[PDB]
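What follows is one chain in structure tokens, specifically the form deposited in one PDB entry.
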């Protein structure tokens, strides 16, 4: 797949060493190369060139620290390569550098290539590799930037990374789940790769923690700053622009709050102290950010502005807040949102230069807080908050919320300025808030569901999940991991013996949560891709329905209208999405009339459309579809069948099942007991159900359990995609004991055999995956899927 660079053989030779040495000497007479070197010599890392190379050359593992923008990411790789080339051994270099995000790997590779007077990829010295996109460099004497997900995928093809000579783990402070896994895998690999060199780099790092973890490996600090960046706290921001607004650590904040205000009145005007007193800790003040942006463009010198917001809802709100003003309507401004859910083509536009009279304003999430360098950025506005997932071990409920930024994230955000020229960073938290921020975010492995952790451990054949936990830098609790094992068994991704099923193999290859991965996989298998990807896109992110202040009743009636007779919150989103695409074909004014009439968010709908393309790419790289288009005819033969779609929904949401009792309707969920239906759902006032079963995705606990989104489902969908099957008594079938319904006992025998055929189908798909040819009709794989579909259609 994406392992072309990996599965090459590292074959150094002296003749290619001489060609690289001569080419390097020829570069030193090229004007463009010479001018780039003038810029490189200004970086603090350039002064450490001999010291950095000598340490990497004498030690297997090296921890490199340095100030933001000191040059690690773009220079250290070049220092290793150019040192080898100058020593006459350049062909022995196969340097791989990991980046946490795709926008980092692309832009850094393009920048390094330009610093070497070369294009990126094209068999030159530098290139990049990401999911389904690559610019690959030459075989020997080369640098490859990639994502950590790429390296994890490589470990499935070569657990030893045999052809790589240097692996550079960058931004290691970003303790994301995959990075911690990769870091532990690299540590185990050292003894099996005595020839491999490992470099660990971060600008904001407890470097002794990583040194100690890697056997007290040597540390080296790159001293110096590139350009000064002035910092401002909330009181300083309010003082400068004269702005007037139109768990235990919080107890400390409240205790020190009155004394802090007193000490503040001695250093700031009373107006600003009163404003600090009434500022809101719950959400980011978008009006203040807009007012600060107005002040910068009207009173400060030229330079792009970069704004950090928690999520997409804040970005679009601020964007509309600016665009509603006459000043920002003109072509003197180019306002660019930046979100990880945007297509990579859209993310790269942030790096395009602006005309001299044009001010660039980038509104980004934490996607932009590390690695990347934006040329004209001079002003950084730090909203002070960051989206974080959190996990509670009392119920299967994980929450994503906007938390206070840590000091490391703040330093990384400040570091986006001061790279090519001086800059200013504005932090929207007061000084008392600053003293109570944490140094780093809690590692993601300690606060998220761990289903992907267990799938990753199993697909990489790393051994027992207990032994691997003991090797992690920060191991999660056993109960959290055991809870993930149980969830993966209920999804039938693991069998009773904690071993990957055929389905579990494909789910581990899909870079999404297995509930979503199982849904889009069977949407591709059952040829109903487009409606399922729309449902999957809305289960991730959010649904596109909004409720203005009112008068929720008229918005309710619109939602039930879009549901038709489906009794499905998820088919409602599909109908709302399909009507939106058709409204767009009519015209822009009529598209707005559609969104206003049905209380739909065009911004959310466009975001959902982007995510559908990303899901199809995942299925394309996994071999289950033939193109990146979610509406490919080859994947949508059954896209108009509500029963088949609802089965795929059930395939994804099981075991989140609810039972309906009548006479007056009551709902039960085995784990929570009696639940209720969220008033936003279309099934709140429903008393007529064709079936007594619902599937759901989101649960909200407010002293009462509400199912946010649910669809009625036939017991035969639960029978096939459920758990254990038992026949009771006096002729009933049971699914996981509690799901009981009267049915001929031989149906249970049929489902056991069809499940087995489905496993055989997925097993044959493991080696070389190709999409099911739904035009063959007379094929084994199509006959199996048709038999399952026939069972779903009729009892």
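The term rigid core refers to the maximal set of C-alpha atoms that superpose within 1.5 Å between the two forms. Positions refer to the first chain, counted from 1.
- In the deposited entry, the stretch joining residue 216 to residue 217 is continuous, with no residue of the deposited sequence left without coordinates.
- Gap between residue 729 and residue 730: 1 to 3 deposited residues without coordinates.
- The PDB entry reports B-factors from which the mean C-alpha value can be compared for 761-769 and 46-54; the larger average falls on 761-769.
- Taking only CA atoms, the mean B-factor in the PDB entry is higher for 389-397 than for the other of 443-451 and 389-397.
- The residue among 127, 149, 228, 259 whose C-alpha carries the highest B-factor in the deposited model is 259.
- Of the candidates 60, 37, 65, 742, the PDB record gives 742 the highest C-alpha temperature factor.
- When the modelled residues of the chain are ordered by their C-alpha B factor, residue 404 lands in the lowest third.
- In the PDB entry, residue 696 places in the middle third of its chain by CA B-factor.
- For residue 755, the recorded CA B-factor ranks within the lowest third of the chain. Only modelled residues enter the ranking.
- Residue 325: CA B factor in the lowest third of modelled residues in this chain (values from the PDB entry).
- In the PDB entry, a CA B factor belonging to the middle third of its chain's modelled residues is recorded for residue 639.
One more form of this protein should be noted, the form deposited in another entry, which is absent from this view; the next part is about it.
- Rigid-core fit between this form and the one not shown: of 498, 236, 281, 672, the one residue whose Cα shifts 2 angstroms or more is 672.
- Annotation for residue 253: C-alpha shift under 2 angstroms between this form and the one not shown, rigid core superposed.
- Superposed on the core, the two forms barely differ at residue 440: its CA moves less than 2 Å between this form and the one not shown.
- Here residue 701 counts as shifted, since its C-alpha moves by at least 2 Å between this form and the one not shown after the core is aligned.
- The pair residue 347 and residue 204 separates in the other form: their C-alpha atoms are at least 3 Å more distant from each other than in the form depicted.
- Between residue 652 and residue 674, the Cα spacing is smaller in the other form than in the shown form, differing by no less than 3 Å.
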